[PDB]
Amino acid sequence: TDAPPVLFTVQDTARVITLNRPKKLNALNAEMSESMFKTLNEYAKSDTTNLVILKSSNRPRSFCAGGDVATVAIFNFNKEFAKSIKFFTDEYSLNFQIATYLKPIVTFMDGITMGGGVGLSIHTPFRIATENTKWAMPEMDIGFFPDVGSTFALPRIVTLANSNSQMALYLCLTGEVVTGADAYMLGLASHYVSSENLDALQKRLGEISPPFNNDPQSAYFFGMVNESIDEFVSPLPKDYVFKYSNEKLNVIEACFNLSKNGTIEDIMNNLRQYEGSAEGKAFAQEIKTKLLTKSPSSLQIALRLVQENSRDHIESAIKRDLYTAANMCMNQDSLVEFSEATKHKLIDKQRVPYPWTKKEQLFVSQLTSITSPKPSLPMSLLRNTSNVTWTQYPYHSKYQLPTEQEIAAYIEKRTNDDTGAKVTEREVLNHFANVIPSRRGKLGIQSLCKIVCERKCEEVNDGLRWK
Amino acid sequence: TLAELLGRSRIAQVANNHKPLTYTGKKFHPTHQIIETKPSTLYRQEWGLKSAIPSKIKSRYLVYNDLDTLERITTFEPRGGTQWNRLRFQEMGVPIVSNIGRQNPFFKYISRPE
Amino acid sequence: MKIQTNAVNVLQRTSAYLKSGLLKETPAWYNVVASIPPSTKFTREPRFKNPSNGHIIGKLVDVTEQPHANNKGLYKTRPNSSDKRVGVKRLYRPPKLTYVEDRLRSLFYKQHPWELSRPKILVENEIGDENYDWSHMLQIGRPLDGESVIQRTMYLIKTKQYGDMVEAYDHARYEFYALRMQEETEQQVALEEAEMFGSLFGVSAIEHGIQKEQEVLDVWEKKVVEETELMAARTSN
Amino acid sequence: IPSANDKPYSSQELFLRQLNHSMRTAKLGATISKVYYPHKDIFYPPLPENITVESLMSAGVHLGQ
């Protein structure tokens, strides 16, 4: 009788999944996650479904404002820890299914995509953004950690100032909101399509089918999906200027450059001892202010996970998030304030930050316990139809803007070639815009390459050196 | 959007006019907006209308009613001669005066209920 | 004409030639077309909004939404005949695009007929480059003309400086007169100043017209004489 | 056939003298921006990824029958 929380519909050979909780900004509860997880397993077995499209019925207001953690907070206050662990086993299992799904999934991030919403798109090689996109990970203000495998995705997909996960740590620890074109240029969105063109794109996606004797799970079909979306991409607004200037990118790359045993204090030291331009110095103070209004325990846990899930395989990174979430709802050592902070902000509307009490510096053992499975609480991710793990996304790189590490590899290779030629910025732009088949004519690809060379490369004579 | 752009397009700027292009009555003032094309565009029959104007037209000024019609032609006359009447009036340097001594319509005068 | 099938299925008909062996070698286009499927639906699509004025298409006002009496003083208690006719055709008919500026444009050129005599160039340069601040009437890149007035009027009504469109239009008209008067003086004075420094001009506009009228009046003289002599002979009959 | 240094320029030399002026001086004073040149459509077409609705509209592609 009530409107189903998630609506499933057929679009020719494409199956459209639509989040249908407009009053809650499409917040994800256990019911929604379970429904989507079960229906996706069926579509994986089907031989008539070529691709899936995850969208919202509330666009452009919101796509998914995040998992329903306010309800999980009430569970903690009522000691309904079994209910809380069910909510995270369903959500995290759905994020693992999407990541390893063998058929193309195309998420329309037409609106607020924060928290659980990021998990619905970050794990898909086709995550389309719009002018209305608002990507953020505001967990540090609620006392929680960066969940939904964001500690495995962001350190591997961000394009600028992410050599050592510096930008990934900046977004997860500061909760900065990225909007539209900026999300596309950072690597948060694979494509940038105007909202007005989403209807037409959806129809084209339903009409395309694998040719001859190729299944929809073949790499050939994935290329076809990428090309179809590109036909609907339009040039960026003329006035658009990237959000982060080179100077602001230099602050993040230096102030968030930790070692394998770094701590949040080390970042605080860099932000407090930074030297350089006036804008950079002022920018470092802004970060320091923000990072001092977060949960002292959440920041340390986030850094731990980023330094742990940036070199591990997908399954172990998603499993480690389930353990952390369960080890936080059940606060055995009173080291976190997830439940109390969640009620201060969501259950009760309070603009002021929650006054923090756990302001100590957790030890390496304390962090290990909070992020390790307790032998008394057995929790496992639901089984998906793929049941595969890997350390690198199989398709994200091909269909998004190149990272700063891929441009460096070509400059080093070209600079160390027997040709004995000089690497020139013009040659770099051509090599990324008119050579790679999957990146040919990719929006904002020349602009990104010029940002990298102007900040990372040294122009000597008619050559380029990787500073 | 496309609709917003269209409303501001140069074709939208020309007010709708269906007055006879061939009028044999008394003419007191211009009735159609003169359209001008540059020499480069004239060489390519480009006038900024829907269709190319026939190459026979050598004048750079025309007046039209309909962009397209059921006869698959543009309704136009290759003449722009009301502009030369205005410029010849300017060369005579005779200001236009009111024979009734009314207020100048181009000045925002403070009028009363006289 | 019937929806054609054979133009969009060249890949499938070609694939049968290759599979059977009738065609030995794959054509060069074969791979390109396979990766980029043609659109083959050719359907009529409904539309639920006029993009120009945002009017909603396909909405029926129910009697429950008209509780108050009408202009005649009667309440509406039952659907009328128009409400009971299916209106699917309106969903598919291309909407008529309308603009408020069109009404003002017609007014301006009715009030100023001679503005039509100023040639207008319809050839666009680049619509995307237009960076205009309509706080002022003059703009770098475009002429001063009736459109300058209309866009100024819209900016005034958009900024809510004036409430009635007529008042905003009148305000813009006076700004237009001032700019037109400064230009009429700059041209008159420029000509006067040049002649005072020894500038010479071959043919003036008035002279150009006299010469053209002479060319026509010369042909007219011949024909009149010829046709006033055929009449004399024909009438003599 | 160059003319004698005392004689005036020949018709051919005046043409070459004008061509010299055309290259250097004839374009002094201002540059032209945001103006459509018909020939550049053929010789300097844009790439498909840089095409906008404005660009299509500027060319009159939207004007149907």
# chains A, B, ... in the order shown; residues from 1 in each chain; ligands from 1
call {"tool": "interface_residues", "arguments": {"of": "chain C", "to": "chain A", "cutoff": "12 Å", "atoms": "only C-alpha atoms", "output": "PyMOL selection string"}}
result
chain C and resi 11-16+18-19+30-41+43+45+51+128-131
call {"tool": "interface_residues", "arguments": {"of": "chain B", "to": "chain C", "cutoff": "10 Å", "atoms": "only C-alpha atoms", "output": "ChimeraX atom specification"}}
result
/B:1-17,28-38,41,46-49,60-63,80-93,105-108
call {"tool": "write_last_selection", "arguments": {"atoms": "C-alpha atoms", "output": "mmCIF file, in the first residue's frame"}}
result
data_model
loop_
_atom_site.group_PDB
_atom_site.id
_atom_site.type_symbol
_atom_site.label_atom_id
_atom_site.label_comp_id
_atom_site.auth_asym_id
_atom_site.auth_seq_id
_atom_site.Cartn_x
_atom_site.Cartn_y
_atom_site.Cartn_z
ATOM 1 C CA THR B 1 18.215 26.433 -22.353
ATOM 2 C CA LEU B 2 17.601 26.384 -26.096
ATOM 3 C CA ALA B 3 14.301 28.249 -25.688
ATOM 4 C CA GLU B 4 15.981 31.136 -23.854
ATOM 5 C CA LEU B 5 18.654 31.417 -26.542
ATOM 6 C CA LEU B 6 16.059 31.335 -29.325
ATOM 7 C CA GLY B 7 14.092 34.223 -27.835
ATOM 8 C CA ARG B 8 17.252 36.352 -27.946
ATOM 9 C CA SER B 9 18.408 35.142 -31.372
ATOM 10 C CA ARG B 10 18.810 37.690 -34.147
ATOM 11 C CA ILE B 11 15.833 36.221 -36.011
ATOM 12 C CA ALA B 12 13.608 36.629 -32.948
ATOM 13 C CA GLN B 13 14.684 40.281 -32.824
ATOM 14 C CA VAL B 14 12.844 40.934 -36.102
ATOM 15 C CA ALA B 15 9.202 41.611 -35.276
ATOM 16 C CA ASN B 16 6.612 39.482 -37.064
ATOM 17 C CA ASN B 17 5.455 41.191 -40.258
ATOM 18 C CA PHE B 28 4.662 57.231 -45.707
ATOM 19 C CA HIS B 29 7.273 55.281 -43.714
ATOM 20 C CA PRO B 30 9.148 51.958 -43.750
ATOM 21 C CA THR B 31 7.004 48.847 -43.373
ATOM 22 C CA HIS B 32 9.634 46.062 -43.331
ATOM 23 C CA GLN B 33 12.943 45.656 -41.529
ATOM 24 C CA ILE B 34 15.892 45.854 -43.919
ATOM 25 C CA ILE B 35 18.205 42.841 -43.698
ATOM 26 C CA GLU B 36 21.860 43.301 -44.634
ATOM 27 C CA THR B 37 24.491 40.677 -45.421
ATOM 28 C CA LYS B 38 28.231 41.226 -45.593
ATOM 29 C CA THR B 41 28.408 36.053 -46.682
ATOM 30 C CA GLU B 46 24.291 33.388 -46.439
ATOM 31 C CA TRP B 47 21.861 35.948 -45.005
ATOM 32 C CA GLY B 48 21.178 34.422 -41.590
ATOM 33 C CA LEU B 49 17.766 33.214 -42.757
ATOM 34 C CA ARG B 60 23.142 43.196 -50.061
ATOM 35 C CA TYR B 61 19.764 44.413 -48.738
ATOM 36 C CA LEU B 62 16.415 42.621 -48.689
ATOM 37 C CA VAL B 63 13.060 42.587 -46.919
ATOM 38 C CA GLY B 80 16.756 48.131 -48.942
ATOM 39 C CA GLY B 81 15.922 51.568 -50.255
ATOM 40 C CA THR B 82 14.144 53.155 -47.287
ATOM 41 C CA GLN B 83 17.528 53.596 -45.588
ATOM 42 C CA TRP B 84 18.684 55.962 -48.334
ATOM 43 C CA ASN B 85 15.588 58.094 -47.787
ATOM 44 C CA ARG B 86 16.480 58.462 -44.106
ATOM 45 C CA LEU B 87 20.121 59.272 -44.858
ATOM 46 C CA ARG B 88 19.129 61.814 -47.509
ATOM 47 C CA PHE B 89 16.873 63.488 -44.960
ATOM 48 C CA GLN B 90 19.848 63.648 -42.596
ATOM 49 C CA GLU B 91 21.947 65.305 -45.304
ATOM 50 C CA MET B 92 19.339 68.040 -45.769
ATOM 51 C CA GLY B 93 19.873 69.050 -42.129
ATOM 52 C CA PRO B 105 8.344 63.387 -27.389
ATOM 53 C CA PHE B 106 11.982 62.338 -26.866
ATOM 54 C CA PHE B 107 12.348 64.252 -23.577
ATOM 55 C CA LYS B 108 10.866 63.171 -20.244
#
call {"tool": "residues_around", "arguments": {"residues": "region 279-285 of chain A", "least_positions_apart": "4", "cutoff": "8 Å", "atoms": "only C-alpha atoms", "output": "count of residues only"}}
result
10
call {"tool": "residues_around", "arguments": {"residues": "residue 406 (chain A)", "least_positions_apart": "3", "cutoff": "12 Å", "atoms": "only C-alpha atoms", "output": "ChimeraX atom specification"}}
result
/A:156-160,162-163,397-398,400-403,409-413,428,431-432,449,452
call {"tool": "residues_around", "arguments": {"residues": "region 37-43 of chain D", "least_positions_apart": "5", "cutoff": "10 Å", "atoms": "only C-alpha atoms", "output": "VMD selection string"}}
result
(chain B and resid 40 to 41 43 to 44 46) or (chain C and resid 125) or (chain D and resid 59)
call {"tool": "residues_around", "arguments": {"residues": "residue 62 (chain C)", "least_positions_apart": "2", "cutoff": "10 Å", "atoms": "only C-alpha atoms", "output": "list in words"}}
result
residues 59, 60, 64, 65, 66, 67, 76, 77, 78, 79 and 83 of chain C
call {"tool": "write_last_selection", "arguments": {"atoms": "N, CA, C and O atoms", "output": "PDB file, in the first residue's frame"}}
result
ATOM      1  N   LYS C  59      -2.213  18.564 -18.276  1.00  0.00           N
ATOM      2  CA  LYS C  59      -2.808  18.700 -16.954  1.00  0.00           C
ATOM      3  C   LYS C  59      -4.267  19.107 -17.093  1.00  0.00           C
ATOM      4  O   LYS C  59      -4.581  20.083 -17.783  1.00  0.00           O
ATOM      5  N   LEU C  60      -5.150  18.358 -16.441  1.00  0.00           N
ATOM      6  CA  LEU C  60      -6.574  18.657 -16.402  1.00  0.00           C
ATOM      7  C   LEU C  60      -6.934  19.203 -15.028  1.00  0.00           C
ATOM      8  O   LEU C  60      -6.637  18.571 -14.009  1.00  0.00           O
ATOM      9  N   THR C  64     -12.854  19.675  -8.424  1.00  0.00           N
ATOM     10  CA  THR C  64     -12.468  19.876  -7.032  1.00  0.00           C
ATOM     11  C   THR C  64     -11.471  21.016  -6.876  1.00  0.00           C
ATOM     12  O   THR C  64     -11.362  21.584  -5.784  1.00  0.00           O
ATOM     13  N   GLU C  65     -10.745  21.360  -7.936  1.00  0.00           N
ATOM     14  CA  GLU C  65      -9.773  22.446  -7.910  1.00  0.00           C
ATOM     15  C   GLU C  65     -10.385  23.789  -8.284  1.00  0.00           C
ATOM     16  O   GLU C  65      -9.672  24.797  -8.287  1.00  0.00           O
ATOM     17  N   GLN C  66     -11.679  23.826  -8.597  1.00  0.00           N
ATOM     18  CA  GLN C  66     -12.372  25.055  -8.964  1.00  0.00           C
ATOM     19  C   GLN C  66     -13.541  25.280  -8.013  1.00  0.00           C
ATOM     20  O   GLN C  66     -14.686  25.426  -8.458  1.00  0.00           O
ATOM     21  N   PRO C  67     -13.295  25.318  -6.700  1.00  0.00           N
ATOM     22  CA  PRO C  67     -14.417  25.414  -5.756  1.00  0.00           C
ATOM     23  C   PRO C  67     -15.199  26.711  -5.858  1.00  0.00           C
ATOM     24  O   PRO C  67     -16.406  26.711  -5.585  1.00  0.00           O
ATOM     25  N   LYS C  76     -18.910  25.395 -10.699  1.00  0.00           N
ATOM     26  CA  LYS C  76     -18.675  24.251 -11.566  1.00  0.00           C
ATOM     27  C   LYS C  76     -18.827  22.987 -10.734  1.00  0.00           C
ATOM     28  O   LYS C  76     -18.082  22.781  -9.771  1.00  0.00           O
ATOM     29  N   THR C  77     -19.797  22.150 -11.099  1.00  0.00           N
ATOM     30  CA  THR C  77     -20.093  20.936 -10.356  1.00  0.00           C
ATOM     31  C   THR C  77     -19.866  19.661 -11.152  1.00  0.00           C
ATOM     32  O   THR C  77     -19.836  18.581 -10.552  1.00  0.00           O
ATOM     33  N   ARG C  78     -19.703  19.746 -12.467  1.00  0.00           N
ATOM     34  CA  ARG C  78     -19.516  18.583 -13.316  1.00  0.00           C
ATOM     35  C   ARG C  78     -18.515  18.929 -14.407  1.00  0.00           C
ATOM     36  O   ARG C  78     -18.389  20.099 -14.785  1.00  0.00           O
ATOM     37  N   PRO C  79     -17.796  17.939 -14.933  1.00  0.00           N
ATOM     38  CA  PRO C  79     -16.906  18.209 -16.068  1.00  0.00           C
ATOM     39  C   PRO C  79     -17.690  18.689 -17.280  1.00  0.00           C
ATOM     40  O   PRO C  79     -18.819  18.260 -17.521  1.00  0.00           O
ATOM     41  N   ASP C  83     -13.509  18.919 -21.148  1.00  0.00           N
ATOM     42  CA  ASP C  83     -12.794  18.087 -20.188  1.00  0.00           C
ATOM     43  C   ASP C  83     -12.939  16.602 -20.486  1.00  0.00           C
ATOM     44  O   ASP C  83     -12.109  15.808 -20.032  1.00  0.00           O
TER      45      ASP C  83
END
call {"tool": "atom_distance", "arguments": {"atom1": "CA of residue 342 (chain A)", "atom2": "CA of residue 91 (chain A)"}}
result
18.2 Å
call {"tool": "residues_around", "arguments": {"residues": "residue 332 (chain A)", "least_positions_apart": "6", "cutoff": "12 Å", "atoms": "only C-alpha atoms", "output": "count of residues only"}}
result
6
call {"tool": "interface_residues", "arguments": {"of": "chain D", "to": "chain B", "cutoff": "8 Å", "atoms": "only C-alpha atoms", "output": "JSON, numbers by chain"}}
result
{"D": [37, 38, 53, 54, 60, 63, 64, 65]}
call {"tool": "select_by_dssp", "arguments": {"residues": "region 1-43 of chain D", "states": "alpha helix (DSSP H)", "output": "ChimeraX atom specification"}}
result
/D:11-24,40-43
call {"tool": "write_last_selection", "arguments": {"atoms": "C-alpha atoms", "output": "PDB file, in the first residue's frame"}}
result
ATOM      1  CA  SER D  11      51.923  49.011 -62.659  1.00  0.00           C
ATOM      2  CA  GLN D  12      53.485  45.696 -61.626  1.00  0.00           C
ATOM      3  CA  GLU D  13      55.804  47.355 -59.102  1.00  0.00           C
ATOM      4  CA  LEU D  14      52.892  49.261 -57.576  1.00  0.00           C
ATOM      5  CA  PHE D  15      51.115  45.936 -57.082  1.00  0.00           C
ATOM      6  CA  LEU D  16      54.175  44.502 -55.335  1.00  0.00           C
ATOM      7  CA  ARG D  17      54.578  47.730 -53.363  1.00  0.00           C
ATOM      8  CA  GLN D  18      50.968  47.385 -52.199  1.00  0.00           C
ATOM      9  CA  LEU D  19      51.507  43.732 -51.269  1.00  0.00           C
ATOM     10  CA  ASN D  20      54.394  44.792 -49.029  1.00  0.00           C
ATOM     11  CA  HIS D  21      52.122  47.325 -47.329  1.00  0.00           C
ATOM     12  CA  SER D  22      49.386  44.700 -46.986  1.00  0.00           C
ATOM     13  CA  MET D  23      51.624  42.350 -44.998  1.00  0.00           C
ATOM     14  CA  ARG D  24      53.043  44.870 -42.524  1.00  0.00           C
ATOM     15  CA  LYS D  40      37.039  29.496 -41.277  1.00  0.00           C
ATOM     16  CA  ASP D  41      34.148  27.016 -41.076  1.00  0.00           C
ATOM     17  CA  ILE D  42      35.825  24.943 -43.793  1.00  0.00           C
ATOM     18  CA  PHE D  43      39.483  25.420 -42.844  1.00  0.00           C
TER      19      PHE D  43
END
call {"tool": "interface_residues", "arguments": {"of": "chain D", "to": "chain A", "cutoff": "9 Å", "atoms": "only C-alpha atoms", "output": "list in words"}}
result
residues 47, 48, 49, 50, 51, 52 and 53 of chain D
call {"tool": "write_last_selection", "arguments": {"atoms": "N, CA, C and O atoms", "output": "compact mmCIF listing (two decimals), in the first residue's frame"}}
result
# COMPACT_ATOMS: atom_id res chain seq x y z
N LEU D 47 36.57 20.61 -33.06
CA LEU D 47 36.49 19.20 -32.73
C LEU D 47 35.11 18.86 -32.16
O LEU D 47 34.46 19.71 -31.55
N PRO D 48 34.64 17.63 -32.36
CA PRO D 48 33.28 17.29 -31.91
C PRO D 48 33.05 17.50 -30.43
O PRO D 48 31.92 17.80 -30.03
N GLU D 49 34.07 17.34 -29.59
CA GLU D 49 33.90 17.48 -28.15
C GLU D 49 33.72 18.92 -27.71
O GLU D 49 33.18 19.17 -26.63
N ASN D 50 34.17 19.89 -28.52
CA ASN D 50 34.08 21.30 -28.17
C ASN D 50 32.83 21.98 -28.72
O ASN D 50 32.68 23.19 -28.54
N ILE D 51 31.95 21.24 -29.38
CA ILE D 51 30.75 21.84 -29.96
C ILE D 51 29.72 22.06 -28.87
O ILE D 51 29.48 21.18 -28.04
N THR D 52 29.10 23.24 -28.88
CA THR D 52 28.06 23.59 -27.93
C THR D 52 26.76 23.86 -28.67
O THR D 52 26.73 23.98 -29.90
N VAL D 53 25.67 23.94 -27.91
CA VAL D 53 24.39 24.30 -28.49
C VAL D 53 24.46 25.70 -29.09
O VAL D 53 23.90 25.97 -30.16
call {"tool": "interface_residues", "arguments": {"of": "chain D", "to": "chain C", "cutoff": "7 Å", "atoms": "only C-alpha atoms", "output": "ChimeraX atom specification"}}
result
/D:34-36,54-55,58
call {"tool": "write_last_selection", "arguments": {"atoms": "C-alpha atoms", "output": "compact mmCIF listing (two decimals), in the first residue's frame"}}
result
# COMPACT_ATOMS: atom_id res chain seq x y z
CA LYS D 34 34.29 37.52 -31.88
CA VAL D 35 33.53 38.03 -35.59
CA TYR D 36 32.36 35.21 -37.85
CA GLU D 54 25.32 27.96 -28.93
CA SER D 55 27.77 27.06 -31.70
CA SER D 58 25.02 30.31 -34.34
call {"tool": "closest_atom_pairs", "arguments": {"of": "chain A", "to": "chain B", "cutoff": "12 Å", "atoms": "only C-alpha atoms", "output": "tab-separated table"}}
result
residue	atom	partner	partner_atom	distance
A:194	CA	B:1	CA	11.0
A:195	CA	B:1	CA	11.6
A:196	CA	B:1	CA	9.1
A:197	CA	B:1	CA	11.5
call {"tool": "atom_distance", "arguments": {"atom1": "CA of residue 368 (chain A)", "atom2": "CA of residue 94 (chain A)"}}
result
25.2 Å
call {"tool": "atom_distance", "arguments": {"atom1": "CA of residue 132 (chain C)", "atom2": "CA of residue 240 (chain A)"}}
result
17.4 Å
call {"tool": "closest_residue", "arguments": {"among": "B:58, B:102, B:112, B:27", "to": "residue 42 (chain B)", "atoms": "only C-alpha atoms"}}
result
B:58
call {"tool": "select_by_dssp", "arguments": {"residues": "region 59-93 of chain B", "states": "strand (DSSP E or B)", "output": "PyMOL selection string"}}
result
chain B and resi 61-64+76-77
call {"tool": "write_last_selection", "arguments": {"atoms": "N, CA, C and O atoms", "output": "PDB file, in the first residue's frame"}}
result
ATOM      1  N   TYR B  61      20.891  44.034 -49.577  1.00  0.00           N
ATOM      2  CA  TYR B  61      19.764  44.413 -48.738  1.00  0.00           C
ATOM      3  C   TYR B  61      18.502  43.741 -49.252  1.00  0.00           C
ATOM      4  O   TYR B  61      18.268  43.690 -50.464  1.00  0.00           O
ATOM      5  N   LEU B  62      17.693  43.217 -48.334  1.00  0.00           N
ATOM      6  CA  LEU B  62      16.415  42.621 -48.689  1.00  0.00           C
ATOM      7  C   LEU B  62      15.412  42.855 -47.569  1.00  0.00           C
ATOM      8  O   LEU B  62      15.762  43.259 -46.459  1.00  0.00           O
ATOM      9  N   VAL B  63      14.148  42.596 -47.886  1.00  0.00           N
ATOM     10  CA  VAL B  63      13.060  42.587 -46.919  1.00  0.00           C
ATOM     11  C   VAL B  63      12.260  41.313 -47.143  1.00  0.00           C
ATOM     12  O   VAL B  63      12.033  40.911 -48.289  1.00  0.00           O
ATOM     13  N   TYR B  64      11.841  40.674 -46.056  1.00  0.00           N
ATOM     14  CA  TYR B  64      11.152  39.395 -46.128  1.00  0.00           C
ATOM     15  C   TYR B  64       9.946  39.387 -45.201  1.00  0.00           C
ATOM     16  O   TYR B  64       9.832  40.201 -44.281  1.00  0.00           O
ATOM     17  N   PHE B  76      10.558  37.281 -50.073  1.00  0.00           N
ATOM     18  CA  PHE B  76      11.464  38.397 -49.857  1.00  0.00           C
ATOM     19  C   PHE B  76      11.501  39.264 -51.102  1.00  0.00           C
ATOM     20  O   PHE B  76      11.141  38.831 -52.197  1.00  0.00           O
ATOM     21  N   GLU B  77      11.942  40.507 -50.916  1.00  0.00           N
ATOM     22  CA  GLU B  77      12.162  41.430 -52.015  1.00  0.00           C
ATOM     23  C   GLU B  77      13.567  42.002 -51.867  1.00  0.00           C
ATOM     24  O   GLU B  77      13.893  42.571 -50.811  1.00  0.00           O
TER      25      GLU B  77
END
